[PDB]
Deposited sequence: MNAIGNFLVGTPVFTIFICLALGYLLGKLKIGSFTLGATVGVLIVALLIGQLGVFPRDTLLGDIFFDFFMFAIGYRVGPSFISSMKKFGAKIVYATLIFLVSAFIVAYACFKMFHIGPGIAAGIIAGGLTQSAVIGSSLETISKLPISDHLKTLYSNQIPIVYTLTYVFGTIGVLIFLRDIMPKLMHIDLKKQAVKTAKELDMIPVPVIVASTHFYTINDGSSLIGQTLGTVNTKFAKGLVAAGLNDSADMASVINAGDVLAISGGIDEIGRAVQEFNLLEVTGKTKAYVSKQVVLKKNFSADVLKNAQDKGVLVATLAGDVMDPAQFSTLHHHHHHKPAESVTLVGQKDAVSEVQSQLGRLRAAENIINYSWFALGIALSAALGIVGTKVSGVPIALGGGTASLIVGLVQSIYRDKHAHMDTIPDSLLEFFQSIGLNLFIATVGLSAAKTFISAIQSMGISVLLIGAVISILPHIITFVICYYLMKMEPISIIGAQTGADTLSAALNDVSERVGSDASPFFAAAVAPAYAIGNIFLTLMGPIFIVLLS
């Protein structure tokens, strides 16, 4: 009855990580309410369970996990940002700026009209524009600005409760407004329109064949038996290479009654080469003929690539596609990693002539990741004072920038790693929920009193500030400027900085147009994050 409170206060790990299971269950619960969402479910469960005791909030854990989340988001968005900036015009930047200006004006007007205190204003902003990074900067600015200590403590205490109150709407709505209402008003279907636009533009992924080795076995009949590999290779068209007899790299050899040929190349070419000059196919069993990806070191050597086919090694791109002869004339001063296949040690000989091996594709140099996080934390402290306002970049924004720059600084020097794609997902699906659960648990004891005292006056203001700017930008961009349909959704979801909408829309659209949607949304994210984070302290200073 009452000892449960003591137990919960005494086992913080149990409390936090039981706030994370029921939350996900509730979020996945579907009762015709268009689901709820994992974050909202976690918040609700944390609020409900916080009533059984008093749990203080730990800053370091939340900061670390939020930093992980921001870094993962930045790394995921990195590669598409450059492509979108290259192809898409400045329309995305224009839409983001329009949205931010509209939100600023609307928030200022509403707060001035309703005579809202600076703390309530900051909380409503952070909980309506769904930007959790505000809280830290707002608290720092409150501490810095000179006012009475009672006011300082009151403002510091009043933020999280209104933040929690407004977040529920800021996430449950807006998502529906720009996922169903906007398509209904625009009389288009997400799938069809996105596919059409992607086909019109050059963004649809192009599947590529992967060249490999097939261990054929020679027939026991009579067809060019007892012959060297060099003449056979010369007879073969381009894109086919022999790989010895059993495991040997000797180029003279002697074909006997029974032995594998171990052809290498594409698929259609080997199909033709087996239809003509018939040969049997077998699974084969040998550890040789391993493939590798190797960077170059000898200043785009030409003759080595020219004679690799004679040597018995096939050269292909990183994706594993037979390269064109012209590619051998020049690559890209120095060159990049290429894929070699044939033989066991001949491939290594060609590699030694060329540069060293490439990233294993599944090993992560933890030094790089840890240094990135630490450098982001350090960069956060950098800041400047404008009109007595100590504005700083913050932590989450710095981590996002570091992720973007680090991702862009890859595949140009493919010598570090390829972080697994099954880790960023966990990071960006766990860190934010953990931070939200911590905040909700902390700001739960006084939630009922806060809602009783400050009631309807707050929720409606939060809803209007969350919704109206989206409608304004939608009308201005659709009826006046008349941009393409899907790009409107692509923006207004990065400027608003909400990831649930991003994930849901990507899943609905599908793989075909998923890269296109990612490109349409990437450029807005960084600008929105920076400006929306800076918009908190400015409001505090103005309304103080």
(Q) In sequence order, which parts of the deposited sequence are missing C-alpha coordinates? (A) 333-337
